[PDB]
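Enquirer: Would you mind keeping the following structure in view while I ask a few things?
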Amino acid sequence: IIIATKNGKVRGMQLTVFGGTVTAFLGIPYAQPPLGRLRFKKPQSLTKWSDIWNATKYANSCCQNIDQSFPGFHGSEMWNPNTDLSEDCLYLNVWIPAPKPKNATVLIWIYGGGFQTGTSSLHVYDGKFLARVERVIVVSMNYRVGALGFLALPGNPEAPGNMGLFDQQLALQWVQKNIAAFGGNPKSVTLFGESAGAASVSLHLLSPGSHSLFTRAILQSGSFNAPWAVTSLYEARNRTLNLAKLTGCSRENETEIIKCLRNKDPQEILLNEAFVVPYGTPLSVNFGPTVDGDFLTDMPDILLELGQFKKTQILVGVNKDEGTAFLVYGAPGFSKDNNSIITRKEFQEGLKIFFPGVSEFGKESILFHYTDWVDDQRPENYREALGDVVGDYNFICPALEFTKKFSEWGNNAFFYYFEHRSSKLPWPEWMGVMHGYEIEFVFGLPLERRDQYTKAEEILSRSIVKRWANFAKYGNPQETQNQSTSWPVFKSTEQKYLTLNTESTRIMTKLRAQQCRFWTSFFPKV
Ligand SMILES: *[C@@H]1O[C@H](CO[C@@H]2O[C@@H](C)[C@@H](O)[C@@H](O)[C@@H]2O)[C@@H](O[C@@H]2O[C@H](CO)[C@@H](O)[C@H](O)[C@H]2NC(C)=O)[C@H](O)[C@H]1NC(C)=O
Ligand SMILES: *[C@@H]1O[C@H](CO[C@@H]2O[C@@H](C)[C@@H](O)[C@@H](O)[C@@H]2O)[C@@H](O[C@@H]2O[C@H](CO)[C@@H](O)[C@H](O)[C@H]2NC(C)=O)[C@H](O)[C@H]1NC(C)=O
Ligand SMILES: CCCC[N@H+](C)[C@@H](Cc1c[nH]c2ccccc12)C[N@H+](C)CCC1CCCCCC1
Ligand SMILES: *[C@@H]1O[C@H](CO[C@@H]2O[C@@H](C)[C@@H](O)[C@@H](O)[C@@H]2O)[C@@H](O)[C@H](O)[C@H]1NC(C)=O
Ligand SMILES: *[C@@H]1O[C@H](CO)[C@@H](O)[C@H](O)[C@H]1NC(C)=O
Ligand SMILES: *[C@@H]1O[C@H](CO)[C@@H](O)[C@H](O)[C@H]1NC(C)=O
Ligand SMILES: *[C@@H]1O[C@H](CO)[C@@H](O)[C@H](O)[C@H]1NC(C)=O
């Protein structure tokens with residue numbers, strides 16, 4: 001129950017899972033807490049300790065704003081931090097199978113949340129099922145989000161940007177140096193993450209400092225080329241100083257703005273994060289990844305285009321209704337408590353909310369490409385069109401474009417299309433297969449029969465868990481034993497992808513082809 005790490009001993013705890021045992025090490029620190037003079041700076045090496053660190057409970061989440069739009073609603077509150085917020089939050093978790101494995105493949109989870117929210121202690125990121133069922137080791141880490149993790153004064157070590165990504169990177173290196181003692185194989189490490197976590201995984205594929213820290217990569221509903229994933233150096237500067245004046249720390253010695261921002265309390269920085277953008281959207285990433293010249297040496301679309309990334313296998317995918325969740329966060333006529341039938345005029349109003357800095361012509365171009373119906377009667381159109389608009393633009397086609405360009409350099413790629421709405425989904429049915437609701441199936445929560453899932457959901461998750469594990473172990477996301485559909489490699493010519501659902505697992509081609517050609521070629525010009 002005790003493991004000796006390179007900086008000290010850690011005590012874990014035993015968990016009963018599916019008539020077996022999983023050993024959990026919740027809340028191991030991997031960096032010196034970024035407090036006081038270290039706020040906004042890269043994570044620092046952790047001083048060795050002499051006692052037994054008790055890693056028997058999730059540690060603090062990093063400071064962050066909370067989704068308060070539906071108090072008491074499990075559909076939104078399940079994503080809010082389930083542990084204390086604090087700047088002392090650079091910790092990680094380890095689930096190892098019992099008995100202790102000998103050279104187990106390691107899965108490292110990076111949570112999403114728009115680079116402003118999220119925590120690894122969430123119930124749907126519980127790594128005990130993966131450890132139990134597939135005998136892999138699951139690692140997850142907390143990393144700073146929001147301005148505390150991504151405030152950027154480019155070149156300035158007081159606030160260089162991408163600190164949260166560097167938290168992630170330091171956690172990966174912790175796995176490199178320590179996971180063998182847990183029975184993990186440091187040479188068989190697969191990163192996986194969702195949304196901003198997935199975009200973070202994609203940026204680790206491009207960051208040279210991360211190329212030796214992992215083997216393979218899984219990208220769930222996200223990639224760096226998504227329009228929300230990377231902040232310009234222009235916007236970054238304009239935004240760190242908008243925060244400065246909003247907190248009354250505007251100076252000319254740029255270093256002196258940071259020391260002044262370092263004395264304001266976390267909540268004051270949190271409450272001003274929202275107003276630093278002129279017109280926000282429900283997908284606004286006020287403080288995100290930037291081209292810092294350290295973690296990210298160039299603009300990532302160029303690195304992707306010119307083949308500058310770790311050459312390895314990727315597993316990429318999206319859900320059928322990526323965009324619906326965001327429409328009840330500002331789009332008029334929408335609500336989780338009715339079926340949100342909206343007019344043409346409300347649809348047009350919705351575009352101005354999701355594309356506020358977009359010209360009149362650009363917004364008409366979106367309307368034109370998405371509102372030439374197969375059929376004019378049906379009242380659900382403008383409602384579903386707006387969801388497809390936000391979904392295709394923000395997630396699906398950035399992911400497809402990332403997979404096309406990555407695969408063009410000779411690596412095996414696998415694309416999935418998750419289209420099962422969970423039986424336990426608390427959101428209304430018109431939102432469909434929502435953003436983030438493939439995660440519970442990936443972590444194998446439907447495998448616990450005591451948690452209200454249908455047996456078809458247990459079987460789908462069990463296959464997904466096997467495919468994910470086989471990809472991590474072997475670079476190939478097949479289920480070989482139960483006469484399952486083979487998952488074909490995604491090539492840029494034919495673009496085959498695999499659909500994931502309870503009934504029919506089928507091979508299709510060229511997902512959302514007509515929609516993405518608009519989004520990836522025409523729309524970036526407007
Ligand atoms: C860059 O930032 C300026 C300043 O932002 C304003 O001040 C901040 C403290 C915060 O309160 C923001 O909400 C403010 O917008 C932006 O300039 C403002 O632009 C909007 C309209 O576009 C409007 O509030 C004011 O006319 C402007 N204020 C000033 C002082 O110029 C600017 O739009 C941002 N973006 C760019 C590209 O410059
Ligand atoms: C779906 O509901 C929204 C509003 O939700 C509820 O209704 C409000 C009266 C209020 O009690 C909220 O707290 C509820 O959650 C409807 O949008 C409203 O539509 C009318 C139009 O005149 C008006 O109340 C507001 O302008 C709208 N509010 C908005 C856009 O936020 C919407 O019409 C409903 N749709 C259907 C099909 O029932
Ligand atoms: C006030 C602080 C919390 C605000 N949220 C957590 C934001 C997070 C976020 C910002 N930018 C992003 C880009 C891409 C993906 C996510 C984000 C925006 N949404 C309000 C997410 C809320 C919904 C997300 C979808 C999953 C389930 C339904 C819930
Ligand atoms: C670390 O934990 C030691 C053992 O704690 C054991 O496990 C926990 C979950 C409780 O059930 C406790 O009663 C058990 O004995 C402690 O003896 C030790 O004091 C702890 N040290 C610190 C610094 O917390
Ligand atoms: C684990 O596997 C790697 C290769 O994947 C090998 O180099 C290493 O020696 C193995 N460690 C063991 C078996 O303890
Ligand atoms: C203010 O001056 C320069 C930047 O102009 C900087 O090097 C210096 O460190 C700043 N002052 C302090 C006390 O850091
Ligand atoms: C294959 O089917 C058996 C039952 O025939 C089931 O117990 C097992 O979990 C399945 N394996 C996978 C990987 O789905």
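Identifiers in the structure tokens: chain A, B, ... in order shown; residue index from 1 per chain; ligand index from 1 in order shown.
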If DSSP is run on the backbone, what residues of region 201-237 of chain A are strand (DSSP E or B)? A reply as JSON, numbers by chain would be ideal.

Expert: {"A": [216, 217, 218, 219, 220]}

Enquirer: Write to file, as a PDB file, in the first residue's frame, the residues of the selection just made, with N, CA, C and O atoms.

Expert:
```pdb
ATOM      1  N   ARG A 216       1.379   7.659 -27.491  1.00  0.00           N
ATOM      2  CA  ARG A 216       0.240   7.800 -28.386  1.00  0.00           C
ATOM      3  C   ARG A 216      -0.704   8.859 -27.834  1.00  0.00           C
ATOM      4  O   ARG A 216      -0.487   9.410 -26.751  1.00  0.00           O
ATOM      5  N   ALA A 217      -1.775   9.133 -28.579  1.00  0.00           N
ATOM      6  CA  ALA A 217      -2.664  10.234 -28.238  1.00  0.00           C
ATOM      7  C   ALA A 217      -4.090   9.917 -28.665  1.00  0.00           C
ATOM      8  O   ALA A 217      -4.318   9.359 -29.742  1.00  0.00           O
ATOM      9  N   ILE A 218      -5.044  10.290 -27.811  1.00  0.00           N
ATOM     10  CA  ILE A 218      -6.472  10.162 -28.082  1.00  0.00           C
ATOM     11  C   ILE A 218      -7.106  11.533 -27.892  1.00  0.00           C
ATOM     12  O   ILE A 218      -6.881  12.183 -26.865  1.00  0.00           O
ATOM     13  N   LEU A 219      -7.900  11.967 -28.871  1.00  0.00           N
ATOM     14  CA  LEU A 219      -8.485  13.307 -28.886  1.00  0.00           C
ATOM     15  C   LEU A 219     -10.002  13.193 -28.954  1.00  0.00           C
ATOM     16  O   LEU A 219     -10.559  12.877 -30.011  1.00  0.00           O
ATOM     17  N   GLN A 220     -10.671  13.470 -27.838  1.00  0.00           N
ATOM     18  CA  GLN A 220     -12.124  13.392 -27.748  1.00  0.00           C
ATOM     19  C   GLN A 220     -12.708  14.800 -27.838  1.00  0.00           C
ATOM     20  O   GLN A 220     -12.498  15.625 -26.943  1.00  0.00           O
TER      21      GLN A 220
END
```

Enquirer: Enumerate residues in contact with ligand 4: an atom-to-atom distance of at most 10 Å, counting only C-alpha atoms and all ligand atoms. Format the result as a short mmCIF file (atom, residue, chain, number, x, y, z; two decimals) with N, CA, C and O atoms, in the first residue's frame.

Expert:
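File written: pocket-v6.cif
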```
data_model
loop_
_atom_site.label_atom_id
_atom_site.label_comp_id
_atom_site.auth_asym_id
_atom_site.auth_seq_id
_atom_site.Cartn_x
_atom_site.Cartn_y
_atom_site.Cartn_z
N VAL A 10 4.62 7.52 -0.73
CA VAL A 10 3.21 7.88 -0.81
C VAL A 10 2.39 6.68 -0.37
O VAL A 10 2.68 5.54 -0.75
N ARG A 11 1.39 6.93 0.47
CA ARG A 11 0.45 5.91 0.89
C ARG A 11 -0.82 6.03 0.05
O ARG A 11 -1.37 7.13 -0.08
N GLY A 12 -1.26 4.91 -0.52
CA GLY A 12 -2.50 4.85 -1.25
C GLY A 12 -3.61 4.25 -0.42
O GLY A 12 -3.55 4.19 0.81
N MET A 13 -4.65 3.81 -1.12
CA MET A 13 -5.78 3.15 -0.47
C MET A 13 -6.32 2.09 -1.40
O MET A 13 -6.11 2.13 -2.62
N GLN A 14 -7.03 1.12 -0.82
CA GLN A 14 -7.58 0.00 -1.57
C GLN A 14 -9.04 0.25 -1.89
O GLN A 14 -9.79 0.76 -1.05
N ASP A 51 8.60 12.15 4.94
CA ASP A 51 7.56 11.38 5.62
C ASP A 51 6.84 10.51 4.59
O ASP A 51 7.30 10.35 3.46
N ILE A 52 5.69 9.95 4.96
CA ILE A 52 4.83 9.23 4.04
C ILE A 52 3.69 10.17 3.66
O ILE A 52 2.85 10.51 4.50
N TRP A 53 3.66 10.60 2.40
CA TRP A 53 2.54 11.40 1.93
C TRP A 53 1.29 10.54 1.84
O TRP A 53 1.30 9.48 1.21
N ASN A 54 0.21 11.01 2.45
CA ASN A 54 -1.05 10.28 2.46
C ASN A 54 -1.86 10.71 1.24
O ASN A 54 -2.47 11.78 1.24
N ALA A 55 -1.85 9.88 0.20
CA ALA A 55 -2.58 10.16 -1.03
C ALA A 55 -3.89 9.36 -1.07
O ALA A 55 -4.12 8.52 -1.93
N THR A 56 -4.75 9.65 -0.10
CA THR A 56 -5.98 8.89 0.11
C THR A 56 -7.23 9.70 -0.19
O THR A 56 -8.34 9.23 0.09
N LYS A 57 -7.10 10.89 -0.77
CA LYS A 57 -8.25 11.71 -1.12
C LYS A 57 -7.85 12.68 -2.21
O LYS A 57 -6.69 13.10 -2.30
#
```

Enquirer: Give me, as JSON lines, each residue of chain A that comes within 9 Å of ligand 5, together with its shortest interatomic pair and the distance in Å at one decimal, counting only C-alpha atoms and all ligand atoms, with rows ordered by chain and rising residue number.

Expert:
```
{"residue": "A:102", "atom": "CA", "partner": "ligand 5", "partner_atom_place_in_ligand_line": "14 (O)", "distance": 5.9}
{"residue": "A:103", "atom": "CA", "partner": "ligand 5", "partner_atom_place_in_ligand_line": "1 (C)", "distance": 5.0}
{"residue": "A:104", "atom": "CA", "partner": "ligand 5", "partner_atom_place_in_ligand_line": "1 (C)", "distance": 7.9}
{"residue": "A:105", "atom": "CA", "partner": "ligand 5", "partner_atom_place_in_ligand_line": "5 (O)", "distance": 8.9}
{"residue": "A:180", "atom": "CA", "partner": "ligand 5", "partner_atom_place_in_ligand_line": "14 (O)", "distance": 7.8}
{"residue": "A:183", "atom": "CA", "partner": "ligand 5", "partner_atom_place_in_ligand_line": "14 (O)", "distance": 7.8}
{"residue": "A:184", "atom": "CA", "partner": "ligand 5", "partner_atom_place_in_ligand_line": "1 (C)", "distance": 8.1}
{"residue": "A:185", "atom": "CA", "partner": "ligand 5", "partner_atom_place_in_ligand_line": "1 (C)", "distance": 5.4}
{"residue": "A:186", "atom": "CA", "partner": "ligand 5", "partner_atom_place_in_ligand_line": "1 (C)", "distance": 7.8}
{"residue": "A:187", "atom": "CA", "partner": "ligand 5", "partner_atom_place_in_ligand_line": "5 (O)", "distance": 5.5}
{"residue": "A:188", "atom": "CA", "partner": "ligand 5", "partner_atom_place_in_ligand_line": "5 (O)", "distance": 6.2}
```

Enquirer: Could you write out that same residue set with C-alpha atoms as a compact mmCIF listing (two decimals), in the first residue's frame?

Expert:
```
# COMPACT_ATOMS: atom_id res chain seq x y z
CA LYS A 102 4.60 -5.51 -13.98
CA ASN A 103 4.78 -3.36 -17.13
CA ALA A 104 1.29 -1.92 -17.51
CA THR A 105 0.31 0.53 -20.23
CA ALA A 180 7.78 2.22 -13.01
CA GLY A 183 4.26 -1.10 -12.12
CA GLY A 184 3.75 1.20 -15.09
CA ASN A 185 5.59 1.18 -18.38
CA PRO A 186 6.94 4.70 -19.04
CA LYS A 187 7.52 3.68 -22.68
CA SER A 188 3.80 2.82 -23.15
```

Enquirer: Which chain A residues have any atom within 8 Å of an atom of ligand 2, and for each, what is the nearest pair of atoms with distance in Å to one decimal, counting only C-alpha atoms and all ligand atoms, rows sorted by chain and number, as a Markdown table?

Expert:
```
| residue | atom | partner | partner_atom_place_in_ligand_line | distance |
| --- | --- | --- | --- | --- |
| A:330 | CA | ligand 2 | 31 (O) | 7.7 |
| A:331 | CA | ligand 2 | 30 (C) | 7.3 |
| A:332 | CA | ligand 2 | 30 (C) | 3.9 |
| A:333 | CA | ligand 2 | 30 (C) | 4.0 |
| A:334 | CA | ligand 2 | 1 (C) | 5.6 |
| A:335 | CA | ligand 2 | 1 (C) | 5.1 |
| A:336 | CA | ligand 2 | 1 (C) | 7.9 |
| A:337 | CA | ligand 2 | 15 (O) | 6.6 |
| A:338 | CA | ligand 2 | 1 (C) | 5.0 |
| A:339 | CA | ligand 2 | 37 (C) | 5.6 |
| A:340 | CA | ligand 2 | 37 (C) | 4.6 |
| A:341 | CA | ligand 2 | 37 (C) | 4.7 |
| A:342 | CA | ligand 2 | 37 (C) | 6.9 |
```

Enquirer: Pick from A:170, A:271, A:508, A:206: nearest to residue 494 (chain A), with only C-alpha atoms counted?

Expert: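 The answer is A:508, which sits nearest to residue 494 (chain A).
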
Enquirer: Would you mind telling me which residue in A:398, A:8, A:278, A:307 lies nearest to ligand 1 when using only C-alpha atoms and all ligand atoms?

Expert: A:278

Enquirer: When distances are computed from only C-alpha atoms and all ligand atoms, which of A:272, A:476, A:365, A:348 shows the smallest separation from ligand 1?

Expert: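 Smallest separation from ligand 1 among the options: A:272.
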
Enquirer: Can you work out which one of A:322, A:392, A:298, A:254 has the shortest atom-to-atom distance to ligand 6, counting only C-alpha atoms and all ligand atoms?

Expert: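 Result for the nearest residue to ligand 6: A:254.
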
Enquirer: Show me which residues are within 7 Å of ligand 3 counting only C-alpha atoms and all ligand atoms, and format the list as a list in words.

Expert: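 Residues satisfying the distance criterion: residues 65, 66, 67, 68, 75, 76, 113, 114, 115, 116, 117, 195, 196, 228, 282, 283, 284, 285, 325, 326, 329, 434, 435 and 436 of chain A.
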
Enquirer: Show which residues sit within 10 Å of residue 438 (chain A), as a VMD selection string. Count only C-alpha atoms, and ignore same-chain residues fewer than 5 positions away.

Expert: chain A and resid 124 194 220 to 221 318 to 319 418 to 422 433 443 461 464 500
